[PDB]
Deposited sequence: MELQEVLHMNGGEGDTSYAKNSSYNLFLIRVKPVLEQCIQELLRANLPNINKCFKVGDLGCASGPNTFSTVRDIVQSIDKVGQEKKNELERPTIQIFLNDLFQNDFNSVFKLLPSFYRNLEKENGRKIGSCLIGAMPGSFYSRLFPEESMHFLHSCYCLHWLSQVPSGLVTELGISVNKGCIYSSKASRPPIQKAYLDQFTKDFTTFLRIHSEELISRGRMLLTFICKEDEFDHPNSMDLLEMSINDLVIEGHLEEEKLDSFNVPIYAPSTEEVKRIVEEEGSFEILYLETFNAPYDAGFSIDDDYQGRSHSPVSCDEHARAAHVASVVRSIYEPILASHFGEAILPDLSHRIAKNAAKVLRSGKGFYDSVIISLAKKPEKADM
C-alpha cells in the first residue's frame, strides 16, 4: 500500500476542514510545543526540527504548519519536514510555498528563510530521519492506516475491517497487525528523536461505551446496502478488506508501555461531529446537504482503494448510500468520529 495508498488528489483538499480534528489538536499542540521550549532540549533555541507524518495535501497541510509556527512563536529557525507516501501530491504543496512564506512574513514578521519547509517522502513505518535529529513529530489522522491488510485471503463476511459486527478471528488479526505496526512506528521514531523529544499523535479510536460509526463503518454499511439491493455481488464485499484499525485507548496504552521507548504525558479521546467542517432554505435541504458533504468526505478518503477493488461504476451509487446512512446516524445523535490524542516523551 506504500505505493498505492493516498487521499483523493472530489479531492481531499476541497473536502478537508480544520474544524474536524485540527482545532481539537491545536490547544494540545500548543501546550506540547511550549513545554518543549521550556525543557531546553539541545539546540532547540537555535533550530527547532519538526516532522509532520502523513501531511497529505490541501489546506490542512498548511494549517498544521501554521499551528506549529504560531505555537513556537507564542509570547529560533524552524525546519519542517513534511512526510507522506511517495505518490502524495507534493508538487502542489511546493507551488503554494512562495505565497505561504510571504503570508508568514506579513502575518508574524517571520523573516523569509527562518522557516524552512521541505519534504521527506516514505512510509512512517520505516526510518525517515537520522538518529537523534528531531525535536518533535506530529501526525493527525494517519496511524489507523496499517502497513498492510492484516497478515491473517481469509473471509471477512459482510465486513470491510474489524468492525463491531466482524467475527473475533478478524478482530484479533486486525489488532495483531496494529500492534506490530504501532510498535514499529514507536521503536523507529524514538530513535530519530533528540533526548526528551516528543510526538503528538491523533487517530481514530473505538470506544466500547458509545456506539458511534466511524467513516469505515459508514462505508461498510453502504456497501452492504448495495449487495442487499442487488447492485453488487456478495463476493465483492466478502473479498474487500481495508488496511485500517480502530484501537481502544487501553490497546493504545498497552502498546506504548510494552514498547518502552516513550512515557505518556497526555491521553484523551474526543468525539467530532460528522459535519463539523460544513458551512451553509427549509431544513430537509439543510440536512440533505450536510449528509451529502459527509458522503463526499468519506468518498475522498477511500476512492483510490474503492476504485481498485470495485471499479468506477458503483461509486455514485456508493456515495448515495453513504449520504442516506449518514443522515440516519446524525438524526439518532451518534454521528461522531471518535478520536484519541496521545502525547509522548522519549524516556532517558
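- Numbering the deposited sequence from 1, one finds several regions with no C-alpha coordinates, namely 1-2, 12-15, 82-91, 169-174, 303-311, 380-384.
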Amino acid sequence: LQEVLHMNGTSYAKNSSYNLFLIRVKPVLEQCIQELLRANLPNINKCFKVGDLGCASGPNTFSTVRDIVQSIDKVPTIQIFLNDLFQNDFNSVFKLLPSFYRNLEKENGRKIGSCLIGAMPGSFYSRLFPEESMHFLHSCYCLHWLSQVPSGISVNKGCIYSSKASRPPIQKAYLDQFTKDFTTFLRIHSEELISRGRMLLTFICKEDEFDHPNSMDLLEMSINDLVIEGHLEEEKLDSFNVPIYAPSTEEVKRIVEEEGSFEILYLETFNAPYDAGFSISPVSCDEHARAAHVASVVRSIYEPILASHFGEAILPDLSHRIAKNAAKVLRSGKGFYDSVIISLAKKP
From here on, numbers count along this sequence of modelled residues.
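- Just going by the entry, 103-111 versus 120-128 on mean CA temperature factor gives the higher value to 103-111.
- Look at the C-alpha B-factors of 88-96 and of 172-180. On average they run higher in 88-96.
- Placement of the Cα temperature factor of residue 294 within the chain: middle third of the modelled residues, per the deposited record.
- In the deposited entry, the Cα temperature factor of residue 319 places it in the highest third of its chain's modelled residues.
- Residue 247: CA B factor in the lowest third of modelled residues in this chain (values from the PDB entry).
- The deposited CA B-factor of residue 154 belongs to the highest third of values across its chain.
- Placement of the Cα temperature factor of residue 260 within the chain: middle third of the modelled residues, per the deposited record.
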